[PDB]
Amino acid sequence: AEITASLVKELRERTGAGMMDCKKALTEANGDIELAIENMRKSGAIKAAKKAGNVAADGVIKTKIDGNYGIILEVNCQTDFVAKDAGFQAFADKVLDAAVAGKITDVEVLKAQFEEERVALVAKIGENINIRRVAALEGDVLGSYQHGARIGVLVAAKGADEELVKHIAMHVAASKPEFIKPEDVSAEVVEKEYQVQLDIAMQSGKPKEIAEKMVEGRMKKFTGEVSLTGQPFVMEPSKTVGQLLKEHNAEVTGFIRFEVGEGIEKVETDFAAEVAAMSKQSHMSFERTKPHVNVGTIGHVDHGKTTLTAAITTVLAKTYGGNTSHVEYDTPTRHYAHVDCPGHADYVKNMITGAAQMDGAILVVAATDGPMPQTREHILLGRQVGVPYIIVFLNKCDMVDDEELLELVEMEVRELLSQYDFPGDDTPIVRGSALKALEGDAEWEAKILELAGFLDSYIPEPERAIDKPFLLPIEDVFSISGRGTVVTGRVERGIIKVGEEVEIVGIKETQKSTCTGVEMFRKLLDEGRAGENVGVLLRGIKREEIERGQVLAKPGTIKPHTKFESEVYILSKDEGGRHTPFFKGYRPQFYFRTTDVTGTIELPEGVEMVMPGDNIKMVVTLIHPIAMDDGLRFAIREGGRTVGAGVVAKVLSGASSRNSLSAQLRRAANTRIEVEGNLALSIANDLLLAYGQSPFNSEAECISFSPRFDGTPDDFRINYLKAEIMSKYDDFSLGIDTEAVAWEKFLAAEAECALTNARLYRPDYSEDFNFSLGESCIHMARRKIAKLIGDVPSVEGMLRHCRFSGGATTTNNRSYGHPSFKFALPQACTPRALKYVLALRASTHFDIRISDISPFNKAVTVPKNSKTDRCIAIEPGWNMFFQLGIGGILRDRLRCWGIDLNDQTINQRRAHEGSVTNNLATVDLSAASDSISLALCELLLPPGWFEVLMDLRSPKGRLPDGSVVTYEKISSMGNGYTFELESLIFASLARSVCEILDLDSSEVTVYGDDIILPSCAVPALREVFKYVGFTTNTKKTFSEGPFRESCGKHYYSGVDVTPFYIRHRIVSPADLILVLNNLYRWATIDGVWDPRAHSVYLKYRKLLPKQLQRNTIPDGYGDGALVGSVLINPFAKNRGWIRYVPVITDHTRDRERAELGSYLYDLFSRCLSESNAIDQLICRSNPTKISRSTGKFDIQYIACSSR
RNA sequence: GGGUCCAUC
RNA sequence: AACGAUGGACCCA
Ligand SMILES: Nc1nc2c(ncn2[C@@H]2O[C@H](COP(=O)(O)OP(=O)(O)OP(=O)(O)O)C[C@H]2O)c(=O)[nH]1
Ligand SMILES: [Ca+2]
Ligand SMILES: [Ca+2]
């Protein structure tokens, strides 16, 4: 020991101060029980003195109302855990009561009346408690709402009853309005705001009263939103609170809402790197299949878990070997991931969301203090989250020179433990110190070894997935002539062997059957094992007897249920979730392994509203059974959006939309807007007029107008719209205009490759004299290409990227384009392509067959603009299959040149930058890919690659003429690698051009033929391009001036100047809606109209059937309704707290799919996968359904918010 | 992913 | 009867 202190428990059994603040203030009181008590009193304020050195951004809010007088209280602390703590409740419940009767309002007044009790309950807790700010409200008939400790509100009404103020209090808590009336806002806070914004807009170049009226209508909205009056009522958002009051002859005298920790900052805590630095000072001085075990540290702010995780890392490293911010360490036998539990709600969230499943907690308590009040709450979190085991580390024992005392604290913890139904008598308790273990001290050092030994020993090994009873969530069901019925999915757990009997359980009466077989794409199989994608064949059962959503389990293993208790987390706005609260009758979709299912919920007693971000518990009853174990995770969904995650707790026992409306809308949708003349042109012209420009004299001027590249941005913007707007209209009368043009272009590119092909195979200028930029970039580019690409397309590469995709082939018309049809119907293939097919056919047991063997593709024509079509070519099915393989690998390799062909947004932003700085150029080639000759590829690519390109292309073309071409270009548009090959060729040359000029290659950025490099490089790029057989399009290439374009964004001195196109004769209401919405999005700034354009919009909105004039959707939801305000939409039905708007959809009819083909396509897909708050992964990917568009329109109801 | 629709290369 | 690619919305689930 050190001193004579064996019954200090009496000194602590009334102070809860500590075994080293009791054993200590007792050696300076010579042993006087009632004497020490006082030495600690007046000394307990000096600990609370350095206490205020800890940011305390958690706590509670409280509210009290004297039938007519109300008060709202805010009392802070450091963590969730103390805020739920019984003692912290009593202090602030008193400071609340004793602020109601003694009506206080002066904050620092109620503070000092509660300072000596504040140090009595701050020495006992160990956290900076501090009554932050109080306030109070008085009114005629006032009311309050509170959810949990986090948000409290006081509302003052007049002419309102009990419910009304309750509801308005709830709304105030959900929508936090800064003001009661729009008219309240500082009549000069907005004055400066309208004066700053008025210029911002005047800058675009828009005339006084344009920026004026926009800024006005803007700010009219800005205010209504931050104001009770002009906020859509939370319990029926179709009307505002403003309107809600007026129907009850009521008014709000005012309101107050505090939120715990508002305005604090609370510096973020990164635990994972926390230990890195903690270990920093100390950093100086097959068996890849170990079980992974999840542990977490939990305890008082800094009893030392702070440092103990460090100590575990060092000491475990020093001795043995070496997601979401987690330390991890190793044991001779196991692997551990370790998380800190800094907060109760923070943790419960991660446990539901599945971001932190704990196999065992380690509860850290420093013996210097012993257990604390809030340690009750730490063990309680463990109880509530169901952590199976808790191990205890007694920390800071170096500062306890009396072992008799350790046994005292160890005994307390053993008792709190048992109070919460944990095995307190039998739980491992290590007595040690991390303080002196990370700093090398063999004594306290092996104590960490002792604890680790208990992670290995006491926390049992987590059951391996392969060890659990078999289960496969069913994704799809297939009838296969001769084979029988087969289900596909990923085996979730266990093994299934052929012959074994299986149960199929879920949506309908559970059935049984027997596993005939197991197969993948390549092999056929004896068993399917956990984590494997397979199809499983069944005996007897029919395809119509099975359903996606069911599972396939070892019989009896799992049962179907409909009702259950869960822990769910509702996502916040900032997490892509709901942005509005729900209430009693929430009715969403519950997504289980692989399917959505409907269900109603019941909230617990005393909760009436859930807001985004909430950790609600709820009882969910489903519309029909589905197989569920205990601890099954699900997603909460609203029409495809995930708005919540949940896990099932205890499985229980079990026990409006508009049809004429939809009909009215459908008849409306299938009507034809009927007008005299060219309606598109009338619209374009009325718009030109409303902006003060001359209209289009004739159909001919629509396609032959040139913009001026000067003027204010405002004037260029409309001027450029005029130039572009009608430029792709497919329905002009006057024009000897045909696809004859496309074919001439197409013939012209070929002739051009003929020349370049001749010229480029003759790199001999009759002598070793003359040097050229062209020859030089090719040599330079070649060498770079070879380093990026290899000598040849890897095997892995091909097997990772070949696949079928999409539309027509030489053998299939568009209506048979689905991949499953490419596997069913036999595909054509090229003589040189044949060996690829054979190698494919050698890799599976499935039938891979060839309709024909032939060197032709089909040159056809597609729409492009008012002056010309585009000739493309339809490939042979199997050549495609292989063309996408190389296309996919070039796509990967290009990432190393910082070229990212999945993201056109890089080119858009660099085009924007370019128009501001003039340092970047946007370049365009005249017939990009048709001009890429065989000769150019041959001396740019490794031989290996060139050969494979030559196998895979189609060498000849059959034109609609009946006539032929033998391809001079390397490949036509339609070929599955043309786009990635042109991207490569273009980048390589441009990059080489950068070098030859001492520019940085990384300034080169390419998407197809959309090229961006530094402006300086352009004249040289132009020359290299000329040399290799390209023609740069001067008209669409910009190395100077205010203007840039890349990937469909157009900028002028930095302003978005992108236009919209009217492409077709407008004839259906959906046509007109498209046009009106495109006008909307072009002339609207954040919902606010440019008035010049609004006048045109309103005039043509009148041509729609009336109901369609008012059927509005928000932006971001397609074009089956007009974009506008969904809160005004008379057709919007709210069902179970979710909004549904009806939209026009193309009316379809179901078709029959090819069963063997669809099966094949499924398996082939799963083969592809294998070889290549964060819970988007609770979902799958879907079956194959075929359909045909009739030409009619349907009306579909869809969920939408305002996100 | 596949379709439909919207931008695009 | 219209090819290949990207991103978005709905729908497929
Ligand atoms: N298969 C296919 N490829 C396309 C299509 N549009 C563009 N591309 C690819 O993007 C590049 C060309 O874009 P565009 O600029 O519109 O066509 P272009 O052939 O170069 O002719 P131009 O500049 O004169 O209009 C090359 C081409 O492979 C298309 O509709 N289908
Ligand atoms: Ca081009
Ligand atoms: Ca371009």
Side-chain angles (χ1 to χ4, degrees), chain A residues 475-476 547-549 589 591-592 594-597 637 639-641 803 805-810 813-815 817-821 857-863 869-875 880 883-884 887-888 891 900-905 907-908 924-925 928-929 960 971-980 982-983 1006-1011 1045-1049 1058 1060-1061 1063 1070 1073-1074 1077-1078 1081 1113-1121 1141 1143-1148 1150-1151 1153 1158 1161-1162 1165 1168-1169 1179-1189 1193-1194 1196-1200:
Chain A
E475 293 179 53
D476 209 6
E547 193 161 344
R548 169 184 251 246
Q589 290 287 95
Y591 185 95
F592 279 95
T594 211
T595 186
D596 265 345
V597 17
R637 298 174 99 211
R641 194 108 276 98
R803 71 170 215 281
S805 211
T809 67
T810 277
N813 62 140
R814 196 179 174 47
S815 76
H818 190 92
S820 62
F821 283 142
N857 62 178
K858 294 188 176 89
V860 301
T861 225
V862 299
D869 297 339
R870 173 187 310 263
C871 315
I872 53 137
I874 311 180
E875 292 288 317
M880 255 306 330
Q883 293 169 9
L884 301 178
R891 183 173 306 253
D900 180 3
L901 296 179
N902 285 333
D903 188 22
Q904 311 182 200
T905 70
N907 271 15
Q908 293 172 0
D924 174 274
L925 298 161
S929 42
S971 62
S972 33
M973 319 184 255
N975 175 315
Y977 65 60
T978 284
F979 177 81
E980 301 79 351
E982 62 179 312
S983 284
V1006 162
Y1007 191 93
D1009 95 316
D1010 223 78
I1011 305 176
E1045 99 77 19
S1046 199
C1047 296
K1049 276 353 204 167
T1058 299
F1060 65 101
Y1061 302 85
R1063 301 240 237 288
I1073 284 155
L1074 193 64
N1077 285 161
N1078 287 341
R1081 293 182 192 104
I1113 48 172
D1115 215 340
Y1117 281 92
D1119 299 297
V1141 289
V1143 290
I1144 304 170
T1145 64
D1146 283 35
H1147 173 81
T1148 66
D1150 259 281
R1151 271 201 32 64
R1153 83 188 178 179
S1158 305
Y1161 174 55
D1162 178 295
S1165 280
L1168 272 188
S1169 300
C1179 315
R1180 261 307 155 0
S1181 216
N1182 299 162
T1184 127
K1185 303 294 118 193
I1186 309 305
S1187 75
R1188 168 233 177 198
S1189 293
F1193 301 87
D1194 206 343
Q1196 189 125 27
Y1197 278 93
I1198 79 184
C1200 68

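In the text below, chain A, chain B and the rest are named by the order of the sequence lines, each starting its count at 1.
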S.K.: Roughly how many Å apart are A7(B) and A2(C), using the P atom of each and rounding to a whole number?
M.R.: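 Nearest-Å result for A2(C) against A7(B) at atom P: 23 Å.
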
S.K.: How long is the gap from CZ on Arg1151(A) to OG on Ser1187(A), to the nearest 0.5 Å?
M.R.: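 Interatomic distance, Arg1151(A) CZ to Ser1187(A) OG, rounded to 0.5 Å: 9.0 Å.
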
S.K.: Between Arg870(A) (CZ) and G4(C) (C1'), how many Å, whole number?
M.R.: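 Rounding to the nearest Å, CZ of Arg870(A) and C1' of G4(C) are 11 Å apart.
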
S.K.: Starting at CD1 of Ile1113(A) and ending at P of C10(C), how long is that distance when rounded to a whole Å?
M.R.: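 After rounding, the reported distance stands at 9 Å.
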
S.K.: With a 4.0 Å cut-off, would you call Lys1049(A) and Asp1010(A) a salt bridge?
M.R.: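 The answer is no: the pair does not qualify as a salt bridge.
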
S.K.: Could you state the CG-P distance from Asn1077(A) to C10(C), rounded to the nearest angstrom?
M.R.: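 Checked: the CG to P distance equals 15 Å.
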
S.K.: Among the candidates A1(C), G4(C), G1(B), find the nucleotide nearest to the side-chain atoms of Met880(A).
M.R.: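 The listed nucleotide nearest to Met880(A)'s side chain is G4(C).
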
S.K.: Rounded to whole angstrom units, what separation is found between the NZ atom of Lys1049(A) and the P atom of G8(C)?
M.R.: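 Rounding to the nearest Å, NZ of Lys1049(A) and P of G8(C) are 14 Å apart.
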
S.K.: For the residue pair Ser929(A) and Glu982(A), what are the closest heavy atoms and their distance?
M.R.: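 Heavy-atom minimum between the residues: CB-OE1, 3.8 Å.
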
S.K.: Taking atom P in both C3(C) and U4(B), compute the distance separating them and give it to the nearest angstrom.
M.R.: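 9 Å, rounded to whole Å.
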
S.K.: Would you mind reading off the distance between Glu1045(A) atom CD and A7(B) atom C1', rounded to a whole angstrom?
M.R.: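 Atom-to-atom, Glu1045(A) to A7(B), this comes out as 13 Å.
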
S.K.: Please report the distance, rounded to the nearest Å, between CG in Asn902(A) and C1' in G8(C).
M.R.: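 That distance rounds to 14 Å.
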
S.K.: Determine whether the side chains of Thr594(A) and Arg548(A) contain a donor N or O and an acceptor N or O closer than 3.5 Å.
M.R.: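 Present: a donor and an acceptor within the cut-off.
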
S.K.: Under 4.0 Å between any heavy atoms, over every strand shown, what does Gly1120(A) touch: base, sugar-phosphate, or nothing? Just pick one.
M.R.: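 Nothing, no heavy atom under 4.0 Å.
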
S.K.: I need the minimum non-hydrogen distance between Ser983(A) and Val1006(A), along with the two atoms involved.
M.R.: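 Shortest heavy-atom contact: O-CG1, 3.7 Å.
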
S.K.: Using a cut-off of 4.0 Å on non-hydrogen atoms, how would the nucleic acid contact of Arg891(A) be classed: base, sugar-phosphate, or nothing?
M.R.: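 It contacts sugar-phosphate atoms only.
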
S.K.: What's touching nucleotides 2-6 of chain B from the protein side, N or O pairs under 3.5 Å?
M.R.:
{"unit_1": "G2(B)", "atom_1": "OP1", "unit_2": "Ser805(A)", "atom_2": "OG", "d": "2.8"}
{"unit_1": "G2(B)", "atom_1": "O2'", "unit_2": "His818(A)", "atom_2": "ND1", "d": "3.4"}
{"unit_1": "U4(B)", "atom_1": "OP2", "unit_2": "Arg814(A)", "atom_2": "NH2", "d": "3.4"}

S.K.: Round to a whole Å and report the spacing from CG of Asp900(A) to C1' of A5(C).
M.R.: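 Atom-to-atom, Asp900(A) to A5(C), this comes out as 13 Å.
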
S.K.: Taking only residues two or more places apart in sequence or in another chain, which ones pass ring-ring contact (aromatic ring centres under 6.0 Å, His included) with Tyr591(A)?
M.R.: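 Scan of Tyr591(A) (ring-ring contact (aromatic ring centres under 6.0 Å, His included), adjacent residues dropped) gives none.
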
S.K.: Taking the nucleotide of RNA chain C with the closest heavy atom to each, which residue, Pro863(A) or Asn1182(A), is nearer the 5' end?
M.R.: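 Whichever sits nearer the 5' end wins; that is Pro863(A).
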
S.K.: Can you give me the closest heavy-atom contact between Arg814(A) and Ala808(A), atom names plus distance?
M.R.: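 In this case the closest contact between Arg814(A) and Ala808(A) is N-CB, 3.6 Å.
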
S.K.: Given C11(C), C3(C), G4(C), identify the nucleotide with an atom nearest to the side chain of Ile1198(A).
M.R.: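 Per side-chain heavy atoms of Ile1198(A), the pick is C11(C).
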
S.K.: Taking for each residue the nucleotide of RNA chain C bearing the nearest heavy atom, is the 5' side occupied by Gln1196(A) or by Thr809(A)?
M.R.: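 Residue closer to the 5' terminus by nearest nucleotide: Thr809(A).
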
S.K.: Whole angstrom is fine here: how far is it from CG in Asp476(A) over to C1' in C12(C)?
M.R.: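 Rounded to whole Å, this separation is 12 Å.
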
S.K.: Checking all strands, does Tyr1061(A) fall into the base, sugar-phosphate, or nothing category for heavy-atom contacts under 4.0 angstrom?
M.R.: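 Answer is sugar-phosphate: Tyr1061(A) comes under 4.0 Å of backbone atoms only.
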
S.K.: The criterion is side chain to side chain contact (heavy atoms under 4.5 Å, CB included); which residues satisfy it with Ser1165(A), sequence neighbours excluded?
M.R.: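 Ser1165(A) satisfies side chain to side chain contact (heavy atoms under 4.5 Å, CB included) with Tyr1161(A) only.
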
S.K.: Side chain of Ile874(A) only, please: which of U6(C), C11(C), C3(C) is the nearest?
M.R.: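 Of all the options, the side chain of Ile874(A) is nearest to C3(C).
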
